[PDB]
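Worksheet for the structure shown next.
Naming: A, B, ... by sequence-line order, numbering from 1 per chain.
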Amino acid sequence: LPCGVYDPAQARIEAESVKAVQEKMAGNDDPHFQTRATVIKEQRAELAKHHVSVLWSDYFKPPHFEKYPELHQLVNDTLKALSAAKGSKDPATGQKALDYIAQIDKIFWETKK
Amino acid sequence: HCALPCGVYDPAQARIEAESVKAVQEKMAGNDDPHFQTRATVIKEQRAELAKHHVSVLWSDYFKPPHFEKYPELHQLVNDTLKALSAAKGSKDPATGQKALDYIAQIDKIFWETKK
Amino acid sequence: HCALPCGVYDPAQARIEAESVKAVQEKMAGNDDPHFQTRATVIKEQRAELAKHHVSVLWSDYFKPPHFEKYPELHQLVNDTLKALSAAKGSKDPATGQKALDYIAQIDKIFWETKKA
Amino acid sequence: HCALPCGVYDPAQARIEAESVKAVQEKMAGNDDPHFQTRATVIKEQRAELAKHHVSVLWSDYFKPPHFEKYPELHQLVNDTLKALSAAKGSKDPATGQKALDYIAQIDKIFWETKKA
Amino acid sequence: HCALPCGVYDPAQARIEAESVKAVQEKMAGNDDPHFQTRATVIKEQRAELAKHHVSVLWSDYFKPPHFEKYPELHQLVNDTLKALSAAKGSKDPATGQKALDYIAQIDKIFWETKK
Amino acid sequence: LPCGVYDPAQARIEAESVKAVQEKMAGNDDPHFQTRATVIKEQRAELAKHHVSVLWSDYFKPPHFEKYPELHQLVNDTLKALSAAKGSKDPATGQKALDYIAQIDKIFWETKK
Ligand code: NI
Ligand code: NI
Ligand code: NI
Ligand code: NI
């Protein structure tokens, strides 16, 4: 629009679902459950990626990229971490994507200050 | 928020989309360009429907019969919230967006209570 | 089914999608091919979610407070239908797809009464 | 309607969405509020596209070569239906929504014959 | 590709999605991990449906009656293409993806002919 | 997945539709047509953005960002150009987004060489 309402919480919540699904995949080896878990994980990781991408294209502005010169690469690393989580059943991959999003969330809130 | 049961629900998702609705209403009051007005209408329509989807999901996928027994007004509160969001969708008045936010806040309160 | 409002609602939309869920469940018992099993699982997840959406729309956008007054079990019926569709979503047992259809049929019966008076 | 195949098809899905298109068109003649006009336009674009999708699915995934042999006008009928839905999409005139429903009704008649034999 | 009539159609969109389908089939032959197999099945299902949507759109929104008169086999060619894509969707054999690409290539040829 | 099939042509085709719609908006002042044109433009610009974002997150890799150190900013500029086109009826905005995508397309094809 823009309307100006952004919050990395959207990206965070979806990535939390990714990790939560990967964790459930460890405790239920039923093939149908594993398949559904895979299906859901794939959707949620892609929605998390979309939320991170929207922050980067629609919310962050040149003065933010000036002030935080590592921002472009951080967002790109976050997206690849989400791709790695969606390709894995290991909750450590989910967690890494969450740790990256946390770094974006800090930067975001600093820029609202 | 998609019955795995994965377990992760947060009314923040409904709230953030409804906050977008209200923000767009506020903006439509300030700029009467027809193209902007149209784009605002498009966005508002999509965000309000996303907000309704998140609220519906809490209601069907997160809340359980023990909750509906402990909070007998919850079903109607959810229905009113969805109707408040449809009302905001159809309106440019930010007070309609705020009313939808107020209803979501009541849901959020109950939600965090069931977490405690 | 769009909250314009346009006033075009019909539980047939929920029913068709829930019929698809059950049909997929029945096909999963007839073909153990892992690739087919996975595709069936993909489809069922999608159709079950659309069914839930159609039900939710009827409840939020079609049914009104007089209907809720007149049918005080209706809120809980709609909730049960959605949970039944979630249970079908999570299962290969066509009994679960059937149970969801049974609930939809009950909504369908209320709906058509409200179209008379 | 998913090409699993699950074998659950019904032109009712196309018809309901095309009914919505016409209902929206009729509502646009009754309320000149520019905001309402725009919302009506948003909704109609969406419902018309879903209608086209349902028709296309019946043609690609339900109808088979014997049906095409037996009903040699069917390809062109399906094409005309989709173009009619595009014309409704582009118009506020409910006559266009009606014309699209007329075509769907013709598909519906063929469909149900193929369910008998 | 959405009847404005905006005018911009290119069978490349159908082709690129069908090329993705074939690429995923080829990959499923190389790696029998169940999780990878599932993810490949998910992706293939989505891309094949996108390809079918693009082909359907050319057929309803781009091609006109003069074209169907000049190319009387076009309707059935489109129907066969959609069925070839549904066949690829249901298969792991890259030859099914290639067959769908072959049918799309026939459409693409006719398409560029109507441009000349 | 990845499967490895990427082509900036997807982003290009959608952005071409954006510009084509903006051009049609100049020759038909009917309010219903202007509204539909706005609706369609909004969808196509967002699909173009999604295609550009996917290239940047899923196709480009660290050695590409090393070799082309202007790549992150170019992709970000391309996305904001698409946002500007979706907020405008001026075909010059559509064209600018296309000119940016053209720069990405050149880089893409170099990296396949
Ligand atoms: Ni969930
Ligand atoms: Ni409606
Ligand atoms: Ni089906
Ligand atoms: Ni178009």
Side-chain angles (χ1 to χ4, degrees), chain D residues 1-7 9 14 17-18 21 41-42 44-91 96-97 99-100 103-104 107 110, chain E residues 1-9 14 17-18 21 41-42 44-91 96-97 100 103-104 107 110:
Chain D
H1 47 56
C2 64
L4 170 62
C6 82
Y9 293 94
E17 295 299 340
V21 168
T41 303
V42 169
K44 169 162 68 67
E45 203 77 10
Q46 291 168 338
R47 301 294 142 185
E49 281 302 317
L50 283 169
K52 278 165 68 183
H53 179 68
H54 290 317
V55 167
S56 178
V57 164
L58 289 174
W59 184 60
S60 66
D61 295 6
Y62 171 82
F63 291 118
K64 298 186 145 54
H67 309 310
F68 300 124
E69 195 192 6
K70 188 168 167 76
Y71 303 92
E73 75 282 21
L74 180 58
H75 288 325
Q76 186 67 48
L77 171 62
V78 168
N79 200 262
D80 286 346
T81 297
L82 300 173
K83 278 174 170 64
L85 288 169
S86 295
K89 200 177 66 160
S91 169
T96 64
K99 175 56 59 208
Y103 281 118
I104 289 168
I107 301 177
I110 293 157
Chain E
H1 20 249
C2 53
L4 172 275
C6 108
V8 15
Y9 295 93
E17 297 298 338
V21 169
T41 299
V42 173
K44 186 166 46 81
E45 201 82 9
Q46 299 176 153
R47 308 276 135 209
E49 285 298 325
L50 288 168
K52 284 167 65 178
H53 176 70
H54 300 304
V55 173
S56 194
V57 163
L58 294 160
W59 183 62
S60 58
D61 294 18
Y62 174 78
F63 298 112
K64 323 287 217 205
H67 300 138
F68 297 123
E69 208 207 321
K70 184 167 166 158
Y71 301 90
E73 74 285 4
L74 185 54
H75 289 323
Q76 184 76 45
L77 170 64
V78 172
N79 194 271
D80 286 348
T81 306
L82 297 178
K83 290 179 159 56
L85 288 156
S86 295
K89 193 171 71 155
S91 184
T96 60
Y103 276 118
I104 288 164
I107 306 185
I110 289 168

With chain E as the partner chain, list the residues of residues 66-74 of chain D whose heavy atoms fall under 4.5 Å from it, by residue number, and write 'none' if nothing qualifies. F68(D)

Within this structure, what is the CD-SG distance for the pair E49(E) and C2(D), rounded to the nearest 0.5 Å? 8.5 Å

Between the side chain of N79(D) and the main-chain N/O of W59(E), is any donor-acceptor distance below 3.5 Å? yes

About how many Å separate CZ of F63(D) and NZ of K83(E), when rounded to the nearest 0.5 Å? 10.0 Å

In Å, rounded to the nearest 0.5 Å, how long is the span from CG of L82(E) to OG of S56(D)? 6.0 Å

Is it the backbone or the side chain of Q76(E) that comes under 4.5 Å from a heavy atom of chain D, or both, or neither? both

Residue set satisfying side-chain contact (heavy atoms from CB on, under 4.5 Å) with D61(E), at least two apart, ordered chain then number -> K52(D), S86(D), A3(E), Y9(E), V57(E)

So what's closer than 4.5 Å to chain E heavy atoms on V78(D): side chain, backbone, both or neither? both

Nearest 0.5 angstrom please: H75(E) NE2 to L77(D) CG, how far? 10.5 Å

